[PDB]
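Novice: Can you keep this structure in mind? I'll have questions shortly.
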There are 4 protein chains.
Amino acid sequence: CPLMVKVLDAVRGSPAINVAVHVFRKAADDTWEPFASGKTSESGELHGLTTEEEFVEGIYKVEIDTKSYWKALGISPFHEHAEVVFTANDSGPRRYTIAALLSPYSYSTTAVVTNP
Amino acid sequence: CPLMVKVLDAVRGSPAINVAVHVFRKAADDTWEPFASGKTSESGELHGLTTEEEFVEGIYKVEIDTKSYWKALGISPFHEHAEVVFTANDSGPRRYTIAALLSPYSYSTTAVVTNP
Amino acid sequence: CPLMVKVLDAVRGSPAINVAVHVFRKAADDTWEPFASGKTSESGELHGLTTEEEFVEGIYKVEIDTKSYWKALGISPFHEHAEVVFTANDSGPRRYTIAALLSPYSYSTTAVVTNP
Amino acid sequence: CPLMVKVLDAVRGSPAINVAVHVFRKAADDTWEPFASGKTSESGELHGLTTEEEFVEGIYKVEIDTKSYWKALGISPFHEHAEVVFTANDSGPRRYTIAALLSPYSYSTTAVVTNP
Ligand SMILES: Oc1cc(O)cc(/C=C/c2ccc(O)cc2Cl)c1
Ligand SMILES: Oc1cc(O)cc(/C=C/c2ccc(O)cc2Cl)c1
């Protein structure tokens, strides 16, 4: 899988389930153009965002709707959402995992980048 | 101080020094309007962004230029930058500290919110 | 898998490979008694630590040798190692994932706890 | 201050107040010998652990009683506590800040190490 997103929950110690995720790619004129979207599964993961064909060198933005996740749980959190912006594939094709660990007032993100 | 930003560096175990920071506030028409900016000091901190007078109820965006920090150090990092989006003062005036801990492929952010 | 350990690397954005892990369980006399050990695979993961039979209610300690990982890479890190201490199965059998994200001067740990 | 400890709370977005902290130093025979202790103040901080005189080159262990903090708040957390083990002053005297960000099922720690 060229690109995958995992969301964990640090308050309950569980996967973050059914979290909406939106991906954008910067167009050649400096505008954000819609690239993919989905909701996280039961194990906090979202696969099949894209293919190796269409996942070319570029700047991408991953937006995770953290606010909606917390409210659905009865919690009013701090952040409107969490976004990860990064250059991809600028040194040949890699497989990417964007992970995020969430709390109401904090979040952490990391990327796992491997050569297939 | 109504609003303050601290940046730490997890690779060297030090403050993140001279990091550019930009703050925006959402205008009544859903556009991001420039609110404040600065660079972090020697202790990784940025004070005097605003005053209690002008820091009213609203949605704010704090953008930290992580990429430029790493490059100035001879490192090519993963993220273009880091941004924190949050509602402020929706329950009366609070003092806010936005903290970020950085690594080339990861970052963590939290908010310390206190009642003065 | 009743218990599994994943180690990621935040400086290179990759799995932490071949990291030694030791697990202890507190004995009925308040002493740490050896329970299991292993090294992380290529995807930063360590499976087959134990079985559901022997993984009973108790206090466990997971020790990750972070120091040795960094040195093998040519880095002198801050911590001697990282340890996670937790009660397990005190409310019936759960599956546990202990995750750790590492940098030379920082680390983060979380647990994913699910009901099978 | 040669050594200081700060504890933050990621569920409430506040300092972690009145958290017990214990420091040990490894003795020349490989045993942990009691070095200092305290409770965090209202701003989540614990100062005056030691002096530059007695804070010599060595391996130290900082133990933060996270469990007691959460229970006092009406929360049953995952970890028994959090401990940071590190070598100090092996390259001349430094000032150390050990920071920890806590959630019931997760915690993060970093060190800020500066040359005075
Ligand atoms: O690919 C995987 C799988 C998993 O089961 C957990 C993680 C956890 C990552 C993590 C992220 C941010 C942070 O602050 C701490 C951690 Cl441990 C990643
Ligand atoms: O106000 C202060 C002062 C300080 O000296 C350190 C911190 C550290 C915060 C922190 C942030 C993110 C993370 O993942 C871990 C931590 Cl410990 C905050």
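Numbers in chain B come straight from Swiss-Prot, and the residues shown are 30-145, in order.
This deposition comes from X-ray crystallography, 2.2 Å.
Quick reminder: no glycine exception, Cβ is built from N, Cα and C everywhere.
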Novice: Which candidate from B:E62, B:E71, B:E74, B:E109 does Swiss-Prot annotate alongside B:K35, B:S137 at the L-thyroxine binding site?
Specialist: B:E74
Novice: Could you tally the C-beta atoms, other than its own, that fall within 10 angstroms of the C-beta of B:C30 (sulfocysteine)?
Specialist: 15
Novice: Among the recorded positions B:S72, B:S137, point out the residue whose Cβ has the most other Cβ atoms within 10 Å, with all shown protein chains included in the count.
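Specialist: By the 10 Å Cβ neighbour count, B:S137 comes out on top.
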Novice: For B:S137 (L-thyroxine binding site), which of the three DSSP-derived states applies: helix, strand, or coil?
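Specialist: In the DSSP reduction, B:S137 (L-thyroxine binding site) maps to strand.
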Novice: Taking the recorded positions B:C30, B:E62, B:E74, B:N118, B:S137, which residues show a Cβ-atom distance to ligand 2 below 6 Å?
Specialist: B:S137
Novice: On a C-alpha basis, identify the one among B:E62, B:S72, B:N118 that is nearest to B:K35 (L-thyroxine binding site); the candidates are the recorded positions.
Specialist: B:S72
Novice: What span in Å does the L-thyroxine site cover, taken as the longest CA to CA distance among B:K35, B:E74, B:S137?
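Specialist: It comes out at 16 Å between the most distant Cα atoms.
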Novice: Can you grab the distance from B:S137 (L-thyroxine binding site) over to B:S72 (phosphoserine)? Cα atoms, rounded to a whole Å.
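Specialist: Given the Cα positions, B:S137 (L-thyroxine binding site) is 18 Å from B:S72 (phosphoserine).
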Novice: For the recorded positions B:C30, B:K35, B:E74, B:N118, B:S137, return the ones with C-beta distance to chain A below 8 angstroms, or 'none'.
Specialist: B:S137
